[PDB]
Amino acid sequence: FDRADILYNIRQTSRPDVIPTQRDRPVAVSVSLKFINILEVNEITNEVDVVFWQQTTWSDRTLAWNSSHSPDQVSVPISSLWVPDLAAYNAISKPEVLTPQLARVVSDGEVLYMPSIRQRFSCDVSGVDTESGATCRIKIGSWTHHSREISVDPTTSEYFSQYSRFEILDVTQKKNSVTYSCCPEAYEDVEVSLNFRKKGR
Amino acid sequence: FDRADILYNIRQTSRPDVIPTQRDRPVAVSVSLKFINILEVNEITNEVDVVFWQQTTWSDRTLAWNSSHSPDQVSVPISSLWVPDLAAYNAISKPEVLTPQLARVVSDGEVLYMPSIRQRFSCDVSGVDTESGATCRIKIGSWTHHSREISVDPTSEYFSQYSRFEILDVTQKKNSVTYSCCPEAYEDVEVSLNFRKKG
Amino acid sequence: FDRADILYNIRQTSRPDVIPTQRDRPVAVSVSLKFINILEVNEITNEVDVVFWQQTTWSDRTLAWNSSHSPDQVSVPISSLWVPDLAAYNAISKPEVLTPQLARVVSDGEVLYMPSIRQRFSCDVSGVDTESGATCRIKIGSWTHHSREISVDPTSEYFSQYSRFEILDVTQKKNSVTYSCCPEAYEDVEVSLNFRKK
Amino acid sequence: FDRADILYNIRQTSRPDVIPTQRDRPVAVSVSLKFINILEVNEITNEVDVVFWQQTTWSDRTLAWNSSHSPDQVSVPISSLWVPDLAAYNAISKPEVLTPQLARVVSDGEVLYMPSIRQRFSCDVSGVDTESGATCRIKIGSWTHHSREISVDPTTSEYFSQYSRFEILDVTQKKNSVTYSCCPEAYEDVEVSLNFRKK
Amino acid sequence: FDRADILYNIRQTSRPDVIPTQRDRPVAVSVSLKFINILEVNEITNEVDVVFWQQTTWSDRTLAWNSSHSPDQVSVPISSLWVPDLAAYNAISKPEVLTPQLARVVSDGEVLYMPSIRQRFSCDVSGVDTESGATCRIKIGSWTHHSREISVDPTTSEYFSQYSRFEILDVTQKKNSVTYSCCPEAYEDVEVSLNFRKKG
Amino acid sequence: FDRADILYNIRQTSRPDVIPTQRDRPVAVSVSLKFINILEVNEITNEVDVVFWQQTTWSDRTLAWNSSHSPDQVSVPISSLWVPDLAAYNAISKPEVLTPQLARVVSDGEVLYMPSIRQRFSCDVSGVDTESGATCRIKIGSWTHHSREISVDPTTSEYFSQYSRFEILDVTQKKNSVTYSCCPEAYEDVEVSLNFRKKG
Amino acid sequence: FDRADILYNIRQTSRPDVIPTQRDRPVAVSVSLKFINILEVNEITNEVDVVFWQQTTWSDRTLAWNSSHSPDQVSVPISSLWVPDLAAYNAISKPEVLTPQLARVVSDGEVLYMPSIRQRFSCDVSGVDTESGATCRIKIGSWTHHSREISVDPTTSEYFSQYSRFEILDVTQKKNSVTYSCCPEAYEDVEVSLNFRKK
Amino acid sequence: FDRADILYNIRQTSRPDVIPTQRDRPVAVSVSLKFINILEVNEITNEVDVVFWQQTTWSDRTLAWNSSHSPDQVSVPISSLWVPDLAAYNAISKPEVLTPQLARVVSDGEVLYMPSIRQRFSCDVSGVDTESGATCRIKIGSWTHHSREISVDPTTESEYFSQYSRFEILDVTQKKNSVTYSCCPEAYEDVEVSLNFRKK
Amino acid sequence: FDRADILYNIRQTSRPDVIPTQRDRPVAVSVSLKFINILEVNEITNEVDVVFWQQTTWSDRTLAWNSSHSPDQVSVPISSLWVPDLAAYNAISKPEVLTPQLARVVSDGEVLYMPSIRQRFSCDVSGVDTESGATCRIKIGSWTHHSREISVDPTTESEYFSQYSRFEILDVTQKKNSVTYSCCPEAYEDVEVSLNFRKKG
Amino acid sequence: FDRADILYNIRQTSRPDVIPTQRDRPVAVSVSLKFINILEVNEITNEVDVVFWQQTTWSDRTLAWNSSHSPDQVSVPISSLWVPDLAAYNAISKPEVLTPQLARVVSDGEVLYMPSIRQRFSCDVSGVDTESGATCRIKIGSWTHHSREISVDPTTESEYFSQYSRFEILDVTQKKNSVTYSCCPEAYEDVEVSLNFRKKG
Ligand SMILES: CCN1CCN[C@H]1c1cccc(-c2ccccn2)n1
Ligand SMILES: CCN1CCN[C@H]1c1cccc(-c2ccccn2)n1
């Protein structure tokens with residue numbers, strides 16, 4: 001009916017710890033990094049310090065409601081929802097979340113979470129100061145949910161800060177499948193390739 | 001009644017997670033930054049470290065009470081209130097809040113919140129050392145509410161005399177953008193901090 | 001009562017959100033700093049980084065018990081008490097509290113809170129390497145309680161001898177700040193630390 | 001049963017404070033470190049700054065369920081499980097967990113927890129600049145559970161970042177134990193020998 | 001009882017806010033710091049950064065159980081327990097607690113708590129490069145409880161990293177009892193003297 | 001959605017004190033009484049003691065779920081439901097509910113509630129002992145909701161016990177609207193006229 | 001604000017244990033009985049069993065709201081409300097409430113509560129078979145609140161059952177203020193005289 | 001696992017509102033009345049007052065546990081358990097439960113519940129003073145769950161009945177039956193208890 | 001303080017299960033039955049049905065407050081207080097409490113509970129139609145607290161009784177009884193209430 | 001420790017649902033009925049209406065406390081203790097509890113629960129008006145706990161019986177007995193209580 005009713009129900013009945021699997025189909029999560037800033041780099045030790053909006057999308061039908069004559073969408077705290085347990089496998093610091101931890105929810109149950117994160121990665125930074133630029137690959141996927149429970153897909157400069165000493169040449173994202181020695185099941189991930197270089201003046 | 005009553009009511013009934021949209025009008029949010037100190041500036045990196053009191057105001061009519069023979073206003077923990085999900089879109093460090101997270105509530109339901117924040121920005125440091133100075137732009141709007149739910153409206157006595165820097169000018173302009181994709185319009189306040197290194 | 005009873009009472013009924021305003025009188029808070037240590041000072045940037053005990057004191061009658069055959073005071077976690085929402089007006093860093101967050105409550109409802117706080121300020125660092133020394137002023141007052149709600153009044157020997165600086169003098173004085181936007185005055189204590197490098 | 005049911009059962013009944021000893025025989029924990037990155041090294045101070053994944057396995061029958069027409073495993077927040085109070089004996093910073101604080105629970109009540117941790121150790125960094133390399137020993141055991149209550153055992157390179165300034169010669173992992181003359185009791189540890197060198 | 005029952009009991013009935021004074025006698029606390037590492041010394045600023053296990057011990061009879069067919073000892077989170085409010089009166093950083101915040105409660109009501117703490121101190125670091133070394137005094141006490149409510153007492157190197165830049169010559173720990181200028185009462189305290197030096 | 005899921009969502013949401021009004025329209029409550037037995041009649045006081053199944057119905061849309069691959073209705077404690085505050089205006093004993101207090105909830109949010117009630121009324125019993133027989137009128141409406149808020153409406157001896165001493169000739173149920181002096185708003189009630197006689 | 005909000009505010013801040021004394025003065029409670037039935041009379045025992053509507057009315061300002069775009073009234077459970085602690089001083093069984101225990105709150109704070117009660121009294125049944133009839137006095141008053149805290153007032157047959165064997169010749173309601181020897185406080189009651197006879 | 005833990009888990013995971021349906025098949029409830037006494041009988045009004053033990057038996061897999069070194073069964077208050085919403089169709093007074101409202105849970109999820117009920121009923125008392133006695137049929141079945149959600153059964157088509165009664169029991173037959181009403185598609189399953197008894 | 005703060009403080013800190021003993025000195029309970037009606041007597045069976053106000057009075061200084069600029073008294077549900085565990089040893093029905101279960105709490109912590117009770121007793125009804133009347137004896141005291149825990153005392157301090165009863169009250173006297181049995185080192189007390197009544201003419 | 005702390009400890013860690021079984025030995029429960037009055041008797045229907053005190057004692061170790069400088073006993077509402085689920089097999093009315101529902105607890109975990117109950121039974125009232133009298137047997141045992149879990153034993157087999165009953169008691173014996181049933185393969189234990197009574201003059 002109203003904003004307050006919609007948020008009450010989601011709070012009271014939403015099960016944060018419960019992956020919203022559908023008929024035991026993997027939950028499909030969309031992920032696209034939108035880089036905003038490159039804040040520090042190190043060709044010697046091979047580290048980068050980035051700021052990026054982690055465009056993260058997925059469906060949770062248990063959230064959906066009868067719009068009809070009611071709010072299009074709502075803003076929900078992420079404590080009040082299930083959220084994918086995503087990790088950047090090659091981060092070497094923990095996500096500084098820069099933004100209000102609110103996710104935007106539509107009446108169908110499709111969810112949009114997009115926090116600004118500042119994080120430090122460990123990646124190939126050789127060629128940063130050349131014209132070829134460097135290509136730093138960030139791998140992201142489910143920390144605890146494997147192929148049959150979570151799958152991850154990428155999607156279809158307008159963001160990047162003009163005051164950065166760096167400039168992006170190209171950013172590309174590939175779905176991937178890894179396996180581990182311990183474990184018979186495979187995990188999926190988005191491989192994000194940031195090609196960037198130091199500016200000329 | 002009295003304070004304890006007025007504060008019990010707010011705590012028992014306030015719903016932090018519910019924007020108080022009054023009849024499907026947008027919650028008007030008045031914003032005004034007051035810089036207190038500038039601390040680290042880098043014309044190479046175009047990064048800055050600043051401290052400012054973000055003077056914020058809006059109306060949550062649910063909070064209202066009958067002023068007749070009772071407190072004009074009370075102080076309240078912002079965990080007991082709805083608060084707009086403001087974010088600085090060029091911030092490169094999380095906001096570090098320096099002061100007690102309390103806000104003031106007037107009997108008419110006007111909420112008045114003024115945190116002291118320290119945060120780092122990616123902005124134009126070009127010219128800080130010259131006469132006409134640097135102009136650093138800081139953009140502040142709601143992180144999840146487009147212009148039908150929240151609408152942000154911008155409203156030296158505050159700046160430390162002991163700063164290494166000096167403030168030529170601060171100006172505030174609203175900013176609205178529609179896109180091909182999405183029928184909702186988005187708003188931010190644009191804060192132009194024109195400052196320079198003292199003699 | 002015993003210590004358990006008295007704490008339980010304070011836990012159940014201390015309205016930790018409610019200024020213990022008496023009639024409509026400002027709650028009269030006393031603040032008096034004692035410096036333990038000056039740790040890093042910048043004359044260029046006008047930034048000092050200091051450690052100090054904030055002696056705070058105020059009365060809350062919802063706390064009091066008849067010290068009849070009872071303890072005359074107890075230790076109360078500040079989560080379970082009303083505390084003045086104080087702030088350093090010229091702090092450039094969030095207070096680092098170095099101590100257990102406990103306050104002493106007297107049977108008459110007198111509270112004595114004294115945290116050890118490490119924090120950096122903007123203030124006049126100049127003259128630090130001179131005999132007459134630098135004079136760094138800190139202001140501490142309520143963040144939200146104007147002057148009809150919370151008054152503030154001010155009341156070397158704890159100062160570390162291993163410091164690189166020394167305190168020539170420390171005066172503390174009643175002050176109020178007002179702003180053109182806002183109808184109300186806010187009381188503080190203006191602490192003048194006169195000190196110099198060794 | 002389904003994910004939501006199992007999760008609720010685990011949250012309602014799993015007792016995070018209660019070591020799941022069986023027939024008072026010590027709780028068998030496996031700790032197996034996978035080094036991801038070596039980031040800083042100081043041959044003067046004998047300190048390393050390391051990133052590893054800590055494969056921690058044990059067993060808690062009270063989490064178990066009938067997997068007849070149910071999930072093989074589910075994912076549970078460690079706050080809703082008893083976890084081993086493991087601690088690095090020679091650690092010089094707080095463990096910085098970089099990953100979702102979530103563990104995997106098998107229906108037979110076996111728990112699979114692999115946090116990704118950054119932390120500094122005081123250890124032997126000598127020879128790092130050389131072909132045979134330094135050997136940094138890292139010691140991990142229960143902080144409060146002596147060897148009648150917990151044993152730690154190793155499980156009876158490949159993830160290390162190829163963009164590290166360092167590489168790995170050998171990793172060996174051996175059960176050991178320790179006492180302190182203040183106190184009667186002994187504590188099992190796994191001793192992780194990291195044989196590495198600069199590239 | 002079993003661990004399950006003993007822990008449920010404590011979680012249900014322990015008052016972490018209530019000092020376990022018995023018959024208006026003070027709580028005897030054994031405190032004894034054991035240094036593991038010395039991470040950073042500055043002879044200019046007079047500062048050390050150190051890591052210590054702070055072996056802490058005291059009696060809280062309300063915790064006791066009859067140990068007949070029962071555990072002799074259990075691992076309780078300290079949030080379930082009253083804990084002495086110990087400070088280090090010349091710390092310049094907050095105590096960085098590095099290990100799981102659990103304590104040991106013996107069936108007779110004895111609480112054994114040993115955190116590993118990283119913390120920075122303001123002390124005399126002159127003569128660390130000498131041979132008889134620097135002597136860094138640290139003052140440990142209750143913040144809010146006087147000697148009538150807490151007495152703090154020490155205990156009579158096996159722990160210090162052999163790979164430290166530095167080495168410990170001696171560590172001694174004596175009782176001190178102190179009276180401030182403001183207030184009538186005394187606070188019992190410990191003095192810890194870290195006599196140590198560089199290696200070469 | 002399973003029954004487990006739906007029941008959770010109802011218990012947790014759903015506000016038993018919140019009349020399910022739509023667009024400030026009256027909530028339409030249907031009520032058909034089904035007499036099961038007449039256990040006492042008295043022509044002198046004019047009193048009967050009856051048992052009846054009170055077939056009750058109304059929509060509450062905050063209860064609805066999409067029953068795509070899911071159950072069509074569920075059984076729900078009325079303590080977790082709003083229910084109409086119906087009263088017998090001419091009752092002289094309190095309703096003695098004989099049955100489990102569970103109502104049925106269809107996925108379109110229709111509530112089907114039907115308790116077995118025993119209760120005693122003040123009504124015209126004259127000539128229960130003749131062919132044409134007594135006609136005992138029972139008025140039922142909401143105790144606190146007027147017509148704009150609630151409309152109690154009727155619907156249109158498959159229930160009645162073959163071993164009673166009485167037999168039902170007729171039951172008719174007609175809409176009734178009533179205005180009390182105190183209060184200018186009007187209640188919307190149902191007159192149940194029970195036409196029965198002794199069998200002999 | 002819709003009903004569902006008003007009812008939520010009431011439940012969370014209605015302090016049903018607290019008498020809404022406004023300022024100094026007592027709470028003014030209107031009580032007026034409406035007899036529906038007389039059911040069993042015993043002139044030997046001086047006993048009567050009676051069904052009556054207890055129209056009750058008072059002001060709790062704490063329930064108040066602004067109806068501009070709001071209902072004027074909602075129905076509230078008395079569990080979530082302060083109710084006057086009324087007792088019929090000459091009752092000899094407990095009140096059997098025959099109706100839902102819901103009261104009615106006006107936006108200006110007035111409450112209207114009107115239960116149908118069956119209850120037996122001790123009173124003057126003599127002459128119930130004569131022309132002039134019997135006059136049963138029923139004395140209703142606060143059980144714990146004396147006259148400084150509660151004053152009762154009536155407000156100047158019509159729902160009586162024609163199918164009763166008795167008939168009301170008259171009903172009159174006056175106020176009375178009674179003091180007992182133990183206790184220096186005066187209590188108020190309404191005394192309702194029920195002039196009825198057998199038809 | 002002990003009694004204490006088993007009961008904690010049940011308490012803590014209790015969904016009393018969730019019919020424990022397994023893969024959309026109906027929950028099979030057994031009902032057997034074991035008559036203890038007959039307190040009052042009326043051939044005029046066709047009413048009897050009776051005390052019986054109602055043995056009831058169903059599965060609820062959600063309560064189960066591993067019974068290796070664990071109790072075989074435990075005692076659980078019914079407010080923690082889902083219970084069949086059972087009801088007599090011809091009852092004329094509330095069921096007066098005389099015993100502790102406790103059932104027994106077995107390790108496999110079986111729930112055995114047996115309350116003592118005193119209740120009045122409307123039935124065929126004709127012939128109570130004859131050689132072949134009266135045959136009062138009592139009909140018991142779920143009030144709100146139909147054929148597809150609950151199915152009943154008698155496990156029982158001299159050890160219980162009071163030797164001191166004014167009546168003897170000749171026979172009690174219990175048969176699965178069913179009941180539908182024109183209003184409502186779904187059939188309801190019931191147990192048909194024929195109490196054939198006489199005055200001595 | 002206002003009434004609202006006092007009731008909040010009582011509700012929040014009150015221990016109904018806890019006898020307010022002061023240093024293991026016993027809680028002094030005053031009792032006084034003021035009879036209102038006598039409703040049924042039976043000389044064959046020695047049974048009476050009666051209604052009385054049972055005035056109870058005790059101290060619980062843990063409920064005190066500062067009367068300074070406050071109310072001297074407030075009403076409190078008894079379900080938030082400790083109450084005397086009083087039983088009538090010769091009752092044959094359970095006590096029907098006819099009145100609101102509220103009590104008065106005075107600012108010195110004095111509690112004043114007076115319920116109107118209706119109960120049937122097994123007592124000496126003989127002589128009821130004579131001029132000396134019957135004397136029916138009712139014994140009242142704690143069910144589980146011996147006399148080092150609760151001391152019951154009659155206040156003995158007609159005005160209350162129905163002018164419409166068939167019966168009339170000739171005198172009421174109340175006296176303390178106390179007994180030591182050999183099993184237990186403890187004396188038990190009771191208050192013996194002697195209702196001397198006769199039928200009216 | 002004081003009463004407030006013993007009661008608190010009991011309230012919080014008692015486990016009212018959990019039978020205090022030790023070493024899978026039966027819990028030994030001791031019921032002795034003490035008769036206060038006989039109120040109705042009916043020779044036609046074989047029914048009596050009686051009032052009695054149900055003396056019930058057992059041991060529950062989870063209640064115990066060290067009673068040095070402590071109360072040795074406290075009074076505890078039965079909601080906060082495990083209580084045996086006793087019932088009168090041959091009862092025909094609900095138990096009417098006439099007394100405060102408190103139980104007395106000894107620091108060693110010994111419990112006395114003694115409600116005055118009024119109830120009605122089906123029993124042999126034959127011979128009530130003869131000099132030999134009727135022998136009404138009442139059976140009281142655990143509803144749901146068979147013999148391997150609850151064992152039931154009387155103590156001893158006047159001072160209680162009202163002098164004003166129409167009736168008089170001749171003897172009360174009380175005897176261990178065990179009833180078993182077709183359906184269910186465990187035996188229950190009971191105190192069979194033989195009331196031998198008759199009418200007075
Ligand atoms: C006038 C600014 N202040 C002086 C001291 N306290 C602050 C304060 C406290 C609470 C609210 C506000 C404020 C001011 C303007 C707009 C919004 N809030 N300031
Ligand atoms: C007299 C109006 N009503 C019609 C049916 N219900 C009643 C009603 C309900 C709720 C409150 C009141 C009321 C209360 C005080 C005074 C008058 N009426 N009446």
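Proteins come first, then strands; the chains are lettered A, B, ... in the order of their sequence lines, and each starts at number 1. Below, each value reflects all heavy atoms present in this structure, side chains not excepted, and no hydrogens, waters or symmetry copies.
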*Give the C-alpha distance, both sets of side-chain angles, the deciding distance and a yes or no for salt bridge (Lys or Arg N to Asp or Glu O under 4.0 Å) between A/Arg137 and A/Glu191.*
CA-CA 6 Å; A/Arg137 314 173 304 114; A/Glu191 209 232 1; 2.4 Å; yes
_Set of side chain to side chain donor-acceptor pair (under 3.5 Å) partners for A/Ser80, sequence neighbours left out_ =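 With sequence neighbours excluded, A/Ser80 shows a side chain to side chain donor-acceptor pair (under 3.5 Å) to no residue whatsoever.
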*Using a cut-off of 6.0 Å, state whether more than 12 heavy atoms not belonging to D/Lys139 lie near its atom NZ.*
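Yes.
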*asked:* Using a 6.0 Å cut-off, check whether atom NZ of A/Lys175 has over 12 heavy atoms from anything other than its own residue.
replied: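 Above 12, so yes.
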Side-chain donor-acceptor pair present, [X], [Y], cut-off under 3.5 Å:
{"X": "D/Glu149", "Y": "D/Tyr187", "result": "no"}
{"X": "D/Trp65", "Y": "D/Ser107", "result": "no"}
{"X": "A/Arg104", "Y": "A/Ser75", "result": "yes"}
{"X": "D/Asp85", "Y": "D/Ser142", "result": "yes"}
{"X": "D/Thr135", "Y": "D/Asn195", "result": "yes"}

*Look at the rings of A/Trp82 and A/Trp58 and say which category their plane angle falls in: under 30° parallel, 30 to 60° tilted, over 60° perpendicular.*
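Perpendicular.
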*asked:* Once you measure the plane-to-plane angle for A/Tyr89 and A/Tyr180, does it fall in the parallel (<30°), tilted (30-60°) or perpendicular (>60°) bin?
replied: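 The rings of A/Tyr89 and A/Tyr180 lie parallel, inter-plane angle below 30°.
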*asked:* With disulfide bond (SG atoms under 2.5 Å apart) as the rule and sequence neighbours excluded, what pairs involving residues 47-115 of chain D come up?
replied: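 Every pair satisfying disulfide bond (SG atoms under 2.5 Å apart) with a residue in residues 47-115 of chain D: there are none.
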_disulfide bond (SG atoms under 2.5 Å apart) pairs, two or more places apart, involving residues 81-139 of chain D_ =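 Those involving residues 81-139 of chain D are D/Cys123-D/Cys136.
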Using a 4.5 Å cut-off on heavy atoms from C-beta on, say whether the side chain of [Y] contacts that of [X].
{"X": "D/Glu188", "Y": "D/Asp153", "result": "yes"}
{"X": "A/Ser157", "Y": "A/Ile168", "result": "no"}
{"X": "D/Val106", "Y": "D/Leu112", "result": "yes"}
{"X": "A/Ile19", "Y": "A/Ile150", "result": "yes"}
{"X": "A/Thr45", "Y": "D/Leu39", "result": "no"}
{"X": "D/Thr155", "Y": "D/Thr57", "result": "no"}
{"X": "A/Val152", "Y": "A/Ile140", "result": "no"}
{"X": "E/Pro77", "Y": "E/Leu102", "result": "yes"}

Given 3.5 Å as the limit, does a donor-acceptor pair link the side chain of [X] with the main chain of [Y], or not?
{"X": "A/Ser147", "Y": "A/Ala186", "value": "yes"}
{"X": "D/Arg197", "Y": "D/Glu131", "value": "yes"}
{"X": "A/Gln173", "Y": "A/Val192", "value": "no"}
{"X": "D/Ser67", "Y": "D/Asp72", "value": "no"}
{"X": "B/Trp143", "Y": "A/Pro115", "value": "no"}
{"X": "A/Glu43", "Y": "A/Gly127", "value": "yes"}
{"X": "D/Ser68", "Y": "D/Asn66", "value": "no"}

Return the minimal non-hydrogen interatomic distance between [X] and [Y], and the atom names on each side.
{"X": "D/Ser116", "Y": "D/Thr99", "value": "N-OG1, 2.9 Å"}
{"X": "D/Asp189", "Y": "D/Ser177", "value": "OD1-N, 3.7 Å"}
{"X": "A/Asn42", "Y": "A/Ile44", "value": "OD1-N, 2.7 Å"}
{"X": "A/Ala64", "Y": "A/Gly109", "value": "CB-N, 3.7 Å"}
{"X": "A/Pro84", "Y": "A/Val29", "value": "CG-CG1, 3.9 Å"}
{"X": "A/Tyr113", "Y": "A/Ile78", "value": "OH-CD1, 3.7 Å"}

*Taking only residues two or more places apart in sequence, or in another chain, which ones meet A/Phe196 in a ring pair (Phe, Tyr, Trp, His ring centres under 6.0 Å)?*
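In terms of ring pair (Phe, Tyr, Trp, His ring centres under 6.0 Å), with neighbours along the sequence ignored, A/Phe196 is linked to A/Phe166.
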*Checking side-chain contact (heavy atoms from CB on, under 4.5 Å) for the pair D/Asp60/D/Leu81: CA distance, chi angles, key distance, verdict?*
CA-CA 9 Å; D/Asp60 178 354; D/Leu81 306 180; over 6 Å; no
_Listed once per pair and sorted, the salt bridge (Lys or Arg N to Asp or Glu O under 4.0 Å) pairs that draw on residues 17-38 of chain A, sequence neighbours left out_ =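 Those involving residues 17-38 of chain A are A/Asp17-D/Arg11.
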*Qualifying salt bridge (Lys or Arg N to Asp or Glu O under 4.0 Å) pairs with a residue from residues 86-99 of chain D, counting only residues at least two apart or across chains*: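 Passing the test, one end in residues 86-99 of chain D: D/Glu96-D/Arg118.
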*Step by step, would you call H/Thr13 with D/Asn9 a side-chain contact (heavy atoms from CB on, under 4.5 Å)?*
CA-CA 6 Å; H/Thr13 57; D/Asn9 292 344; 3.5 Å; yes
*With side-chain contact (heavy atoms from CB on, under 4.5 Å) as the test, would you mind laying out the steps for H/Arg61 and D/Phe1 before giving the verdict?*
CA-CA 10 Å; H/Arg61 282 299 207 163; D/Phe1 251 3; over 6 Å; no
*asked:* Once rounded to the nearest 0.5 Å, what's the spacing between atom CD of D/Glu110 and atom OG of D/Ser30?
replied: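 Here the interatomic distance stands at 8.5 Å.
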_Atom pair CZ (A/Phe52) and CG (A/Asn37), whose distance is rounded to the nearest 0.5 Å_ =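 Reported to 0.5 Å precision, the distance equals 12.5 Å.
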*Look at D/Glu40 together with D/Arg120 and state whether they make a salt bridge at an N to O cut-off of under 4.0 Å.*
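The answer is no: the pair does not qualify as a salt bridge.
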*For a side chain to side chain contact (heavy atoms under 4.5 Å, CB included) with A/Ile38, tell me which candidate from A/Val51, A/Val128, A/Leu194 qualifies.*
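Result for side chain to side chain contact (heavy atoms under 4.5 Å, CB included) with A/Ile38: A/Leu194.
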*What's the verdict on side-chain contact (heavy atoms from CB on, under 4.5 Å) for A/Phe35 and A/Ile138, showing C-alpha distance, side-chain angles and the deciding distance?*
CA-CA 12 Å; A/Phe35 298 100; A/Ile138 303 172; 4.2 Å; yes
